[PDB]
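Below, all heavy atoms of this structure are taken into account, side chains as well, without hydrogens, waters or symmetry copies. Order of the sequence lines sets the chain letters (A, B, ...), proteins ahead of strands, with each chain counted from 1.
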Amino acid sequence: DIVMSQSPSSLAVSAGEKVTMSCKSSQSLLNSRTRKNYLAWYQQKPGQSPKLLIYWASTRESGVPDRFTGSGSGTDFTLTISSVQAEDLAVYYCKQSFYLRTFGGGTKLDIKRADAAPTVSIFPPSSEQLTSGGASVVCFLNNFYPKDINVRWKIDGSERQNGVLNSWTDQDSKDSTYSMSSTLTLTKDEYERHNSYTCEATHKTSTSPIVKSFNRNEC
Amino acid sequence: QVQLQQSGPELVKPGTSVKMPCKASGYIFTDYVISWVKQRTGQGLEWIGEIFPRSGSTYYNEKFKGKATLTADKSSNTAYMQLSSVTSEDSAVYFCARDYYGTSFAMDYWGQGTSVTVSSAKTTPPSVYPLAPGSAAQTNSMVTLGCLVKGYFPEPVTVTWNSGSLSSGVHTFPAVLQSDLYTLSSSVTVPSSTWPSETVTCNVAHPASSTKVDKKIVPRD
Ligand SMILES: OC[C@H]1O[C@H](O[C@H]2O[C@H](CO)[C@@H](O)[C@H](O)[C@H]2O)[C@H](O)[C@@H](O)[C@@H]1O
Ligand SMILES: OC[C@H]1O[C@H](O[C@H]2O[C@H](CO)[C@@H](O)[C@H](O)[C@H]2O)[C@H](O)[C@@H](O)[C@@H]1O
Ligand SMILES: OC[C@H]1O[C@H](O[C@H]2O[C@H](CO)[C@@H](O)[C@H](O)[C@H]2O)[C@H](O)[C@@H](O)[C@@H]1O
């Protein structure tokens, strides 16, 4: 059986730069009678099926923009993207079809861009939720770069650790930023016993946190 | 047009078998191989096996030899994958793919994938909650609204805004599992002058429960 290795596991480039990524096979993929290497490259964007880019190591699939090139032979192969676009955000896999099929581990491509501060929004529990007996407060930290960010929650001025779940988006092709949601869930009875809820965002773009608050009797 | 139509999400109990279809249309079915590929959440593609539908001949990744059985019904242009004695290790998305063996030796058209979850848990549909800001208007050139989709199982759920006609400014967050239920959220950002005047609705689908919910976002008082 054939074993496939890709490197690096990820890499970051700025829009318009060139990137090359590498694939190795445990056995040659060069065919005897043929002059072809049975090696294909695939692009998989978040939430989508893989898409064929190149086959026979170097033939481009129809519709594939000409910025994607494949090269190499035997046990050593390369995929090159000239002038990366933010729409190229994806995992890239090589795959042998010399005997059966084997995918490489993938190379994740990330985009580098200018730092941007988060836009921070806080939201109280809905009255729908409250009739359920539970109560989520949600904070969106949107359209920021780089990815590293800290969020802190306070109730009536006091920090809070349990019941806070966080989730980051994939890097956006539209503007190369990240976003983050933070949800604090409490029981309805604990939520009503307290009056003020605050979410604080610490990002490298500014030395002081961005702070959003709401009060249960604000109107 | 070439299409490979896979079944929707499958919640199955540990120890049982699951059999999933891949219905091919738009080309000569017996001229291409059907390959099957596994992908765990956030992980890489892993090839399972293939069937040559003309002959019925099958080849498997040895790791899957005891797990998978590939078949093909030539009369219905449908390839099937059966997974036996399922465990949590089998929880994944399975793709089928048209595989041009003998020519490109590449997988040129792919199914959308069938999400298999192996669990004893029951199917629970989501509750969908509107996210509208409290009285204090905050930074009021654009306004951010959202939907909280709480308490469902299994994955996946999808979210759109105004049936997909509200596209830009959207952020849909990955689901997190907590105490046996998933939660996710989605935000949308619009000009403050357009809302509440022009409606904003999130449209939530949960295919495992065959449920769809629309939640219009309306201002609080
Ligand atoms: O990672 C490249 C993809 O970026 C966009 O999608 C991500 O960014 C969105 C906005 O924050 C999120 O809602 C989404 O969940 C992320 O996957 C873009 O929409 C995709 O088309 C890109 O392939
Ligand atoms: O040879 C590399 C490893 O291959 C297998 O991994 C497959 O499945 C992983 C997660 O299930 C993917 O992330 C990976 O890309 C695939 O190769 C498996 O991990 C082992 O058999 C091998 O060490
Ligand atoms: O019917 C429109 C097209 O549907 C398929 O393509 C879509 O769905 C595939 C599976 O999710 C994707 O890989 C593809 O990128 C989508 O556009 C079909 O394969 C096409 O031939 C149809 O034109």
Check your understanding: Of all of A:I54, A:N166, A:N143, which one pairs up most often with chain B through heavy atoms under 4.5 Å apart?
Key -> A:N143
Exercise for review: Give, as side chain, backbone, both or neither, the part of B:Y100 having an atom under 4.5 angstrom from any heavy atom of chain A.
Suggested key: neither
Exercise for review: Sort A:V138 into side chain, backbone, both or neither according to what part of it lies under 4.5 angstrom from a heavy atom of chain B.
Suggested key: side chain
Point to revise | Which portion of B:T172 sits near chain A, non-hydrogen atoms under 4.5 angstrom | key: backbone
Practice item. Taking all heavy atoms of B:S135 and all of A:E218, pick out the closest pair and write down the distance. Key: N-OE2, 3.4 Å
Practice item. Would you indicate whether the side-chain heavy atoms of A:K174 and B:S168 approach each other to under 4.5 Å? Key: no
Check your understanding: Less than 4.5 Å apart, any side-chain heavy atom of B:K150 and any of A:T183?
Key -> no
Check your understanding: For A:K188, does the NZ atom have more than 12 heavy-atom neighbours from other residues, nucleotides or ligands under 6.0 Å away?
Key -> no
Practice item. Report the C-alpha separation of A:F103 and B:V37 in whole Å, then their side-chain angles, then the decisive distance to 0.1 Å, and conclude whether the side-chain contact (heavy atoms from CB on, under 4.5 Å) test is met. Key: CA-CA 10 Å; A:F103 296 90; B:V37 174; 4.0 Å; yes
Revision key, fill the gap. Scored by heavy-atom pairs under 4.5 Å with chain B, the best of A:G47, A:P46, A:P50 is A:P50
Exercise for review: Check A:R101 against B:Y101 and note the closest heavy-atom contact, atom names and distance.
Suggested key: NH2-CD1, 3.5 Å
Check your understanding: Centres of the B:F105 and A:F98 rings: under 6.0 Å?
Key -> no
Study note, to complete from the structure: Under 4.5 Å to a heavy atom of chain A? For B:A97 that would be neither
Check your understanding: With only heavy atoms counted, which part of B:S186 is less than 4.5 Å from chain A, the side chain, the backbone, both or neither?
Key -> backbone
Check your understanding: Taking everything shown except A:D156 itself, do over 12 heavy atoms lie less than 6.0 Å from its CG?
Key -> yes
Review point. With chain A, which of B:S185, B:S187, B:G44 has the greatest number of heavy-atom pairs at distances under 4.5 Å?
Key: B:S187
Revision key, fill the gap. From the list B:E50, B:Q112, B:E46, B:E62, the residue making the most non-hydrogen contacts under 4.5 Å with chain A is B:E50
Review point. Are the side chain of A:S167 and the backbone of B:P174 linked by a donor-acceptor contact shorter than 3.5 Å?
Key: yes
Practice item. Please answer whether the main-chain N or O of B:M107 pairs with a side-chain N or O of A:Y42 as donor and acceptor at a distance below 3.5 Å. Key: yes
**Study point:** Structural part of A:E128 lying under 4.5 Å from a heavy atom of chain B
**Key:** both
Exercise for review: Flag the pair A:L100 / B:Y60 as yes when at least one side-chain heavy-atom distance between them is below 4.5 Å, and no otherwise.
Suggested key: no
Exercise for review: Under 4.5 Å heavy-atom distance to chain A, tell me which part of B:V128 shows up: side chain, backbone, both or neither.
Suggested key: neither
Check your understanding: Under a 4.5 Å cut-off applied to non-hydrogen side-chain atoms, are B:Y109 and A:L52 in contact?
Key -> no
Check your understanding: Stepwise, does the side-chain contact (heavy atoms from CB on, under 4.5 Å) test hold for A:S49 with B:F95?
Key -> CA-CA 8 Å; A:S49 306; B:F95 299 98; 3.5 Å; yes
Revision key, fill the gap. Looking only at A:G104, A:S179, A:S132, A:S127, the option with the highest number of non-hydrogen pairs under 4.5 Å against chain B is A:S179
Exercise for review: Measure the spacing between CZ of A:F123 and OG1 of B:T144 and express it to the nearest 0.5 Å.
Suggested key: 6.0 Å
Check your understanding: For B:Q39, is it the side chain, the backbone, both, or neither that has a heavy atom closer than 4.5 Å to a heavy atom of chain A?
Key -> side chain
Review point. Measuring heavy-atom distances to chain B, does A:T59 have an atom under 4.5 Å in its side chain, in its backbone, in both, or in neither?
Key: neither
Revision key, fill the gap. Highest number of heavy-atom pairs under 4.5 Å with chain B among A:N142, A:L165, A:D170, A:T102 belongs to A:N142
**Study point:** CZ (B:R220) with more than 12 external heavy atoms under 6.0 Å
**Key:** yes
Review point. Of all of A:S136, A:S181, A:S97, which one pairs up most often with chain B through heavy atoms under 4.5 Å apart?
Key: A:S181
Check your understanding: When only pairs under 4.5 Å are counted, which of B:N61, B:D99, B:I48 shares the most heavy-atom pairs with chain A?
Key -> B:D99
Review point. With only heavy atoms counted, which part of B:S104 is less than 4.5 Å from chain A, the side chain, the backbone, both or neither?
Key: both
Review point. Using a heavy-atom distance cut-off of less than 4.5 Å, which residues of residues 32-39 of chain A contact chain B?
Key: A:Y38
Point to revise | A:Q129/B:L148 under side-chain contact (heavy atoms from CB on, under 4.5 Å): CA gap, chis, key distance, verdict | key: CA-CA 10 Å; A:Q129 189 177 14; B:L148 170 58; 4.1 Å; yes
Review point. Do B:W47 and A:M4 have side-chain heavy atoms sitting under 4.5 Å apart?
Key: no
Point to revise | Residue part contacting chain A, namely of B:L45, when any heavy atom lies under 4.5 Å | key: both
Study note, to complete from the structure: Tightest non-hydrogen contact, residues B:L145 and A:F140, listed as O-CE1, 4.3 Å
